[PDB]
């Protein structure tokens, strides 16, 4: 599947930036290299933390027009219940923003127990970069939307 006429939005948080970057990259590289998406047609905005992902996307979805958007962030279990509650709220939030807007929202949220699990899913230490999967998903959902 190729989508030269597709406009894609990518919002990512900045916590655990060491895992975020590889993910964003994989997502971008895959879209371009494999689906023929134009670099100029890929906006990349960012927010403080995962909590802000739904809100950031909603805002951007209103300003311009995209065919698909990818929310990227990584939450790591800490000492309190904070992890559980943010996670649940953010995931429900992204789903809402997508269903309300009609714009496909790809889940690029990692909810892990430790940094290692994150890096592994970001393609480091022998793992498969999930940002790639997200990229292809964005493209597919974008086309089917039209």
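Numbering follows the first chain given and starts at 1.
- Higher mean CA temperature factor between 60-68 and 99-107: 60-68, per the PDB entry.
- Annotation for 112-120 versus 34-42: the higher mean temperature factor (C-alpha) is found in 34-42.
- When all modelled residues of the chain are sorted by CA temperature factor, residue 25 is found within the middle third.
- Annotation for residue 12: C-alpha temperature factor in the lowest third relative to the rest of the modelled chain, per the entry.
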